[PDB]
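To keep things clear, I will list the structure first and then write my remarks on it.
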Amino acid sequence: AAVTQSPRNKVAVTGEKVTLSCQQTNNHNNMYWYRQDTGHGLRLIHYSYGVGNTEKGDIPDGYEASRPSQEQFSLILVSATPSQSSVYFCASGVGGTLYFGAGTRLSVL
């Protein structure tokens, strides 16, 4: 897999800071973080057009993001809440191309 999510699973307690990391070997300019609730599609949280840039997606509230290097894009839940329990998916890409990670199941207790 050219896009790797770490951790693959996370169990958090309400209030804990959670960082989900996305690493790519695609050398793609863009990176993306999505949330997929059961029975819904992938909703865009934050994305990045390159190192040092983050842009708010459609559902940014409650998340921060970081693009510290060309190959890594992190999603940060500053203070986990039960409503943030979901499955999160990273993607790399350029133009219309999307290359997804395998997903991260997150349960906030």
Check: For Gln70 and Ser107, FRET efficiency with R0 = 22 Å and r from the beta-carbon atoms, rounded to 0.05?
Finding: 0.10
Next item on the list: Find how many whole Å separate the alpha carbon centroid of the stretch 1-37 from the alpha carbon centroid of the stretch 40-68.
Entry: 11 Å
Notebook entry, point to check: Excluding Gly41 itself, what net charge comes from residues whose Cβ is under 13 Å from its Cβ, given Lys and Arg +1 and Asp and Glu -1?
Noted result: 0
Next item on the list: Determine the relative contact order of the chain: mean sequence separation of Cα pairs under 8 Å and six or more apart, normalised by residue count, in whole percent.
Entry: 36 percent
Next item on the list: Considering the convex hull of the alpha carbon atoms of the chain, report its projected area averaged over all viewing directions, in nm², one decimal.
Entry: 6.1 nm²
Check: About its Cα centre, what dipole magnitude does the stretch 34-109 give when the only charges are +1 on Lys and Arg Cβ and -1 on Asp and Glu Cβ, stated in debye to the nearest 20?
Finding: 100 debye
Check: How much length is gained on full extension from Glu16 to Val78, taking 0.36 nm per residue of separation minus their Cα-Cα distance?
Finding: 21.6 nm
Check: When a footprinting reagent is the concern and you count Cβ atoms within 10 Å, what order do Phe89, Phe73 take, fewest first?
Finding: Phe89, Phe73
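Every number in this text was worked out from the coordinates using simple rules, so none of it is lab data. All Cβ positions, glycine included, derive from the backbone under ideal geometry; neighbour counts span all protein chains shown.
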